[PDB]
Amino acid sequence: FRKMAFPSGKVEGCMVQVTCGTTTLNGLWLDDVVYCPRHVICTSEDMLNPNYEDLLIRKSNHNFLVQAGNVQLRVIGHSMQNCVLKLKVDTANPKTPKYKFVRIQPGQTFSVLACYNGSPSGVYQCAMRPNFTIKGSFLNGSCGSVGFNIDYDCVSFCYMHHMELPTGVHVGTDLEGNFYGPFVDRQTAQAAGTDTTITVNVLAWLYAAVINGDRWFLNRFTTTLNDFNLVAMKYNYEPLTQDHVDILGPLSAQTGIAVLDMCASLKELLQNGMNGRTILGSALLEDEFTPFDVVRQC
């Protein structure tokens, strides 16, 4: 068991560099459109109360320098969609994969291709936190890097990176430019809400531990769904819904362990800790593997 990302090649051939004035960041080149954060047009002095419509009307196509590897792309038009800028270019990307845009829910996971100056540096896995932030690894220059899944040769783009908050977590938009969570591309006092643990993912990971041969944390108890939730919330765990229970069904069938019986085991693990032991290499309960991820990998 490992945090497995998707193979990044299909996304690597879409990464470009976008420069506007003194600002350079990453863009996503699909067909004849380059997508990037609309704050590329801002000078940081603009960031307290930016009027993006007023800022954008003053720009010409040639104010945007887009470079794909060694070749310059010619911008022939531009438009704003929510908080994403769409730069129409003269050339369509011949490496455009089969793709779609998907807005994900808190708890969903995806791979991130971290990029600087249009060139990929690394790939890793992470999750939409319940507070709509992601715990990424991003440095100055990484704005415009994207997150994606690739189930069955279709790239589903779900995240574009915009900002790092004071607590060091990361926020961005879907590829239609709508922010995840209550955040805005503006220098305001916005702070992440208190984060909670993604309960349905912890349960999926415990099922993965059972598949790989550990049973030490099981017990003879069960629980009602409401009693579990009353307990779980006292540990800042997210409520478990009947939807989550249904989604865990396949893992329950494979292991012979009823979902509410695994909930009874999680209750005891939160009460007892791990007693010097580890589960799948970890001394903490892991919440960034979804039920789908466990089935994919195991």
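The numbering used is simple: start at 1 and walk along the sequence shown.
Looking at 211-219 and 109-117 together, the entry lists the larger mean B-factor for 211-219, computed on C-alpha atoms. Taking the PDB entry as given, 147-155 carries the higher mean Cα B factor of the two stretches 171-179 and 147-155.
Highest CA B-factor among the listed residues (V16, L280, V11, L285): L280. Ranking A68, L266, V231, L30 by the C-alpha B-factor listed in the PDB entry places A68 at the top.
Ranked against the other modelled residues of its chain, the C-alpha B-factor of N236 as given in the entry falls in the middle third. In this PDB entry, the Cα temperature factor of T24 sits in the middle third of its chain's modelled residues. In the PDB entry, a CA B factor belonging to the lowest third of its chain's modelled residues is recorded for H161. Per-chain ranking of the deposited C-alpha B factor places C36 in the lowest third. In the deposited entry, the Cα temperature factor of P94 places it in the middle third of its chain's modelled residues.
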